[PDB]
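**Q** My structure is below; once you've seen it, I'll send some questions.
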Amino acid sequence: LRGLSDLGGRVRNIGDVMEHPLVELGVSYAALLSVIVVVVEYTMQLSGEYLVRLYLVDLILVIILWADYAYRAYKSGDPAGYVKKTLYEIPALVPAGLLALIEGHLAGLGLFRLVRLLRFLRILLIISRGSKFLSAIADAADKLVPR
């Protein structure tokens with residue numbers, strides 16, 4: 001009920017354990033596709049049909065990611081606080097569907113300024129996730145190193 005708290009030994013064991021090699025690989029794989037998915041939409045502008053399927057697929061990827069994030073969220077016992085702490089992680093989950101509806105609302109009102117900033121955010125959003133991709137390959141390369 002609002003006050004002091006402790007989070008170390010707990011998140012420590014559960015941390016090094018939760019990040020089980022399988023967990024890391026699974027997330028890394030999903031992240032890889034996620035990066036390409038957003039890039040495809042940014043680069044290519046497939047028809048509305050494919051776009052619908054792309055959004056659906058993208059949504060699923062978020063669910064898997066939410067699994068890990070959601071796990072820690074409840075663990076902290078304070079999702080609201082946990083979120084304010086992972087603010088730098090939000091941009092990574094920013095669902096396309098959520099922005100899509102918001103973007104449409106702004107456009108309907110006759111706003112284009114926000115749209116411009118939003119576009120830049122899209123490119124920046126990909127760069128942010130780029131760290132995850134780079135980290136995966138970096139570690140993978142060290143582990144793989146076949147010769």
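Quick note on naming: the chains in the structure tokens go A, B, ... in the order shown, residues restart at 1 in each chain, and ligands are numbered from 1 in order of appearance.
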List every residue of chain A that DSSP, applied to the backbone, labels as alpha helix (DSSP H), and write the result as a ChimeraX atom specification.
**A** /A:9-18,21-43,48-76,79-85,90-93,96-109,113-144
**Q** Could you turn the residues from that selection into a file that holds C-alpha atoms, as a compact mmCIF listing (two decimals), in the first residue's frame?
**A**
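Result saved to again_21.txt:
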```txt
# COMPACT_ATOMS: atom_id res chain seq x y z
CA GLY A 9 17.23 -11.74 -5.08
CA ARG A 10 13.79 -12.52 -6.49
CA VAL A 11 14.17 -10.99 -9.94
CA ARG A 12 17.75 -12.26 -9.81
CA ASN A 13 17.02 -15.99 -9.75
CA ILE A 14 13.86 -15.62 -11.81
CA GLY A 15 15.76 -13.31 -14.14
CA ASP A 16 18.71 -15.53 -15.01
CA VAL A 17 16.26 -18.44 -15.05
CA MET A 18 13.40 -16.86 -16.99
CA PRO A 21 18.21 -20.00 -23.68
CA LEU A 22 14.94 -21.13 -25.25
CA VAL A 23 13.19 -17.97 -24.10
CA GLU A 24 15.89 -15.76 -25.58
CA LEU A 25 15.88 -17.60 -28.89
CA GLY A 26 12.10 -17.54 -29.15
CA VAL A 27 11.97 -13.81 -28.48
CA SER A 28 14.89 -13.15 -30.81
CA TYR A 29 13.16 -15.01 -33.63
CA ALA A 30 9.88 -13.16 -33.13
CA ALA A 31 11.78 -9.88 -32.92
CA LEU A 32 13.50 -10.60 -36.21
CA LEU A 33 10.22 -11.02 -38.05
CA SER A 34 8.76 -8.04 -36.26
CA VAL A 35 11.57 -5.82 -37.55
CA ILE A 36 11.05 -6.98 -41.12
CA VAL A 37 7.29 -6.70 -40.88
CA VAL A 38 7.43 -3.01 -39.98
CA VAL A 39 10.14 -2.42 -42.57
CA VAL A 40 8.04 -4.02 -45.30
CA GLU A 41 5.14 -1.71 -44.51
CA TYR A 42 7.43 1.32 -44.30
CA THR A 43 9.29 0.46 -47.49
CA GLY A 48 -5.08 -2.81 -48.40
CA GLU A 49 -5.70 -6.55 -48.51
CA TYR A 50 -2.14 -7.60 -47.62
CA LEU A 51 -2.04 -4.74 -45.15
CA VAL A 52 -4.91 -6.25 -43.25
CA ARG A 53 -3.11 -9.58 -43.01
CA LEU A 54 0.13 -7.85 -42.08
CA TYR A 55 -1.51 -6.00 -39.20
CA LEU A 56 -3.00 -9.24 -37.90
CA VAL A 57 0.31 -11.04 -38.03
CA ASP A 58 2.03 -8.09 -36.39
CA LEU A 59 -0.51 -8.20 -33.58
CA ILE A 60 0.33 -11.81 -32.78
CA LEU A 61 4.02 -10.99 -32.54
CA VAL A 62 3.18 -8.37 -29.94
CA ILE A 63 1.30 -10.96 -27.87
CA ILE A 64 4.41 -13.10 -27.54
CA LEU A 65 6.45 -10.06 -26.56
CA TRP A 66 3.77 -9.05 -24.07
CA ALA A 67 4.26 -12.46 -22.47
CA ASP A 68 7.67 -11.51 -21.06
CA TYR A 69 6.76 -7.89 -20.38
CA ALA A 70 3.43 -8.85 -18.84
CA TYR A 71 5.19 -11.40 -16.65
CA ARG A 72 7.43 -8.77 -15.05
CA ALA A 73 4.54 -6.29 -14.93
CA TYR A 74 2.46 -8.49 -12.63
CA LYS A 75 5.55 -9.66 -10.78
CA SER A 76 6.33 -6.09 -9.75
CA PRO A 79 1.96 -2.48 -13.63
CA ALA A 80 1.43 1.28 -13.69
CA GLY A 81 4.76 1.87 -12.00
CA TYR A 82 6.47 -0.87 -13.99
CA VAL A 83 5.32 0.86 -17.17
CA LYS A 84 6.64 4.27 -16.16
CA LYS A 85 9.94 2.46 -15.69
CA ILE A 90 6.92 1.09 -24.87
CA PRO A 91 8.11 2.29 -28.32
CA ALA A 92 8.96 -1.35 -28.94
CA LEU A 93 5.43 -2.57 -28.25
CA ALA A 96 0.36 -0.63 -35.27
CA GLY A 97 -3.39 -1.05 -34.85
CA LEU A 98 -3.43 1.33 -31.90
CA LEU A 99 -1.60 4.04 -33.83
CA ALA A 100 -3.59 3.30 -36.96
CA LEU A 101 -6.88 4.27 -35.32
CA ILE A 102 -5.27 7.26 -33.65
CA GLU A 103 -3.62 8.35 -36.89
CA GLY A 104 -6.97 8.16 -38.67
CA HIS A 105 -8.62 10.25 -35.96
CA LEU A 106 -6.00 12.98 -36.32
CA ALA A 107 -6.28 12.94 -40.11
CA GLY A 108 -10.07 13.11 -39.92
CA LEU A 109 -9.83 16.21 -37.77
CA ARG A 113 1.52 18.21 -38.26
CA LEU A 114 1.19 15.21 -35.95
CA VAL A 115 1.22 12.90 -38.95
CA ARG A 116 4.61 14.26 -39.98
CA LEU A 117 6.08 13.58 -36.54
CA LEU A 118 4.40 10.20 -36.54
CA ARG A 119 6.15 9.27 -39.78
CA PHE A 120 9.55 10.06 -38.28
CA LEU A 121 8.56 8.01 -35.26
CA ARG A 122 8.01 5.02 -37.50
CA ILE A 123 11.58 5.12 -38.80
CA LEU A 124 12.91 5.80 -35.30
CA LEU A 125 10.81 2.96 -33.94
CA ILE A 126 12.56 0.50 -36.24
CA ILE A 127 15.97 1.83 -35.20
CA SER A 128 15.08 1.30 -31.54
CA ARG A 129 14.27 -2.37 -32.14
CA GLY A 130 17.43 -2.53 -34.23
CA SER A 131 19.29 -2.84 -30.93
CA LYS A 132 17.52 -6.13 -30.24
CA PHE A 133 18.52 -7.49 -33.64
CA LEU A 134 22.12 -6.34 -33.25
CA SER A 135 22.30 -7.88 -29.80
CA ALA A 136 20.94 -11.20 -31.06
CA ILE A 137 23.46 -11.50 -33.89
CA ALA A 138 26.27 -10.23 -31.69
CA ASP A 139 25.69 -12.94 -29.10
CA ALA A 140 24.78 -15.53 -31.73
CA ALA A 141 27.98 -14.84 -33.67
CA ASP A 142 30.08 -15.32 -30.55
CA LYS A 143 28.26 -18.57 -29.83
CA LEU A 144 28.16 -19.75 -33.42
```
**Q** Can you work out the spacing between CA of residue 8 (chain A) and CA of residue 77 (chain A) in Å, to one decimal?
**A**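 Taking CA of residue 8 (chain A) and CA of residue 77 (chain A), their separation equals 14.2 Å.
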**Q** Between CA of residue 19 (chain A) and CA of residue 89 (chain A), measure the distance and give it in Å to one decimal.
**A**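 Value for the CA of residue 19 (chain A)-CA of residue 89 (chain A) distance: 17.0 Å.
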